[PDB]
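Report on the following structure.
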């Protein structure tokens, strides 16, 4: 009926991400249902060349098509996009057993010595979830030196391969650029619209001189919200000071999402509408999702929502995570999220290793819990507590911090990044 497959994607030709976007469409139409996307990888060349760097990924899906039928749809997509060849599609795994034909070694022995194949492969697999992931145990056993796919990766260098002096980098695509949200801590400054246009621009100008990276503009009724957001969105986007800076926008209203994307919003931050998945699917914008036994609860809660999002055509490689600090009505839960960020990632890794590597944004800034712990009932008096909390979260792995006081938190990010530099 349906056989589970894993296909690798590779491109260093044209708009590399357009090729991957196109391949994913033609895969759907020609009878391939993609259930899981890997993270995106940008691989350095291991020899001297003037060629562009490769973008490498992998997908996992169900298909009726037989091996030779499937291979021919991939060869078809390859030629059809080609009218040098833009896009490599390779079958990594078909069903449960090794296939051999004239040219069809599935899985080829090369995949256990290619980090740009193995890293994205690993992301499609959970470390536990054996209950619901029956086919994976077989893939593991097709490894040439045993210990599963996971130990093949480890043999190559595992996660040590990504980072400072890395062969290869996990990257998030934002329009025409690739951002490595793991290379340093990115600081997202809050610009709130209910505490006008001229104040907004001077706020932003100040955040930019304070060291900010990303501007979070957040504003309920579908038109009221368009009327407040879109004008300042337009202005902020045009600012000369905002060249090569990102803008996230905070909404749950698909119509605000669509209008914001159209008007220069780089990241869309949902907090929760089935129209939304569709808006974010047509677009090329990163999709940040917020969370609604704490580690396990947050992991699985998040996972369920990412599985939903992948299935509705939103790859995991442009999905970002906020565990939702300071929505929990209590101290102990908020401290856990910050201090147990690596544990949340293990719990995510159990269902999806890819999601375990997704960039994580924390927003502790002047939340009540800092107040209750430090005796700061005035929000504005909670900045020193916020620097401390943000320093903890970065040390426990956070990649983005959502802050009110840009300068003080930037000083903390710059220091955390110097401290965590391996030396």
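Numbering (the working numbering), first residue to last: 1 to 423. Backbone N, C-alpha and C define an ideal beta-carbon position, used for all residues, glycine too.
- Counted as a single uninterrupted DSSP element, the alpha helix (DSSP H) harbouring residue 153 occupies residues 148 to 156.
- Residue 42 is positioned such that its CB atom lies closer than 8 Å to that of residue 168.
- Per DSSP, residue 173 is one residue of the beta strand (DSSP E) stretching across 168 to 174.
- Between residue 124 and residue 6, the beta carbon gap of about 6 Å places them in contact (Cβ cut-off 8 Å).
- Here residue 132 is exposed. Its C-beta has fewer than 16 other C-beta atoms within 10 Å.
- An exposed status is given to residue 164, since fewer than 16 other beta-carbon atoms sit within 10 Å of its beta-carbon.
- With the rule of 3 Cβ pairs closer than 8 Å, the stretch 376 to 383 counts as touching the stretch 348 to 368.
- The C-beta distance from residue 264 to residue 237 rounds to 4 Å, short enough to fall under 8 Å.
- Residue 10: member of the beta strand (DSSP E) spanning 3 to 11, first to last residue.
- Residue 42 is bridged by DSSP to 55, 169.
- Of the residues 162, 181, 274, 346, the one whose Cα lies closest to the Cα of residue 296 is 346.
- Residue 399 is not bridged by DSSP to any residue.
- Residue 29 and residue 318 have their C-alpha atoms roughly 22 Å apart.
- Under the three-state reduction of DSSP output, residue 37 falls in the strand class.
- Annotated as distal: residue 325 and residue 359, with beta-carbon spacing of 8 Å or more.
- Residue burial annotation: residue 352 is buried, with at least 16 other C-beta atoms found within 10 angstroms of its C-beta.
- By a beta-carbon distance limit of 8 Å, residue 348 does not contact residue 322. Their separation comes to about 13 Å.
- Burial check for residue 298: the Cβ neighbour count within 10 Å reaches 16 or more, so the residue is buried.
- Cβ neighbours of residue 339 within its own chain (closer than 8 Å, five residues either side excluded): 392, 396.
- Contact between the stretch 106 to 117 and the stretch 77 to 87 is absent, with fewer than three C-beta pairs closer than 8 Å.
- Distances from the CA of residue 62 to each of 74, 219, 69, 2 were compared; the closest alpha carbon is that of 2.
- The shortest CA-to-CA distance from residue 37 to any of 205, 67, 47, 9 is the one to 9.
- Setting aside the 5 residues that flank it on each side, residue 192 is surrounded in the same chain by 218, each with a C-beta closer than 7 Å to its C-beta; the list follows chain order.
- As DSSP reads the structure, residue 248 sits in a beta bridge with 216, 267.
- Taking 3 residues as the shortest admissible run, the stretch 172 to 239 contains the following complete beta strand (DSSP E) segments, listed from N- to C-terminal end: 177 to 179, 186 to 192, 214 to 218.
- Counting only the Cα atoms, residue 111 lies some 14 Å from residue 89.
- In the three-state reduction of the DSSP assignment, residue 49 falls in the coil class.
- The beta-carbon distance between residue 246 and residue 270, rounded to whole angstroms, is 16 Å. This is too long to meet the 8 Å contact definition.
- Each of 389, 56, 138 was checked against the Cα of residue 172, and the nearest Cα belongs to 56.
- 8 Å or more divides the Cβ of residue 343 from the Cβ of residue 127.
- Closest in C-alpha terms to residue 394, from the list 280, 186, 47, comes 186.
- Contact between residue 235 and residue 285 fails: their C-beta atoms lie close to 20 Å from each other, not under 8 Å.
- In the three-state reduction of the DSSP assignment, residue 361 falls in the strand class, which pools E and B.
- DSSP places residue 93 outside any alpha helix (DSSP H); the residue lies instead in the beta strand (DSSP E), whose first and last residues are 87 to 94.
- Boundaries of the beta strand (DSSP E) harbouring residue 287: 287 to 290, taken from the DSSP string.
- The alpha-carbon of residue 48 is positioned some 20 Å away from that of residue 113.
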